[PDB]
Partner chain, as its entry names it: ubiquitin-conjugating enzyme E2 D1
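Only one chain is given next, in structure tokens, and it is the form solved without its partner chain.
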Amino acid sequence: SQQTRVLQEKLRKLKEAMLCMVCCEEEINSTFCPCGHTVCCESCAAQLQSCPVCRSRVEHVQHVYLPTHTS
């Protein structure tokens, strides 16, 4: 029904929000510290000097293990 289409859209959007903001292909699994923005996969987070969301200096990257991980 149309309701099934609405739910498919909600699911799609939530899944897309879990993907890296740079490559759009791999799941987010890295946090820029100390700001806390958690928006990249490990590869894309590796060479950024400053956060791509807030411009704060990246002192280090913390790997995150999330219950939503499926890749």
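Only residues modelled in both forms are compared. Rigid core (definition): largest C-alpha set, two forms, superposition within 1.5 Å. Positions refer to the first chain, counted from 1.
One more form of this protein, deposited with its partner chain bound, exists but is not displayed; see below.
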inquiry  = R12 versus its partner chain, in the bound PDB entry: is there a non-hydrogen atom within 4.5 Å?
reply    = yes
key: 4.5 angstroms heavy atom contact with its partner chain in the bound PDB entry for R57   = no
ask   = Can you list the runs of 3 or more residues whose CA atoms move by 2 Å or more between the shown form and the other one, with the rigid core superposed?
value = 66-71
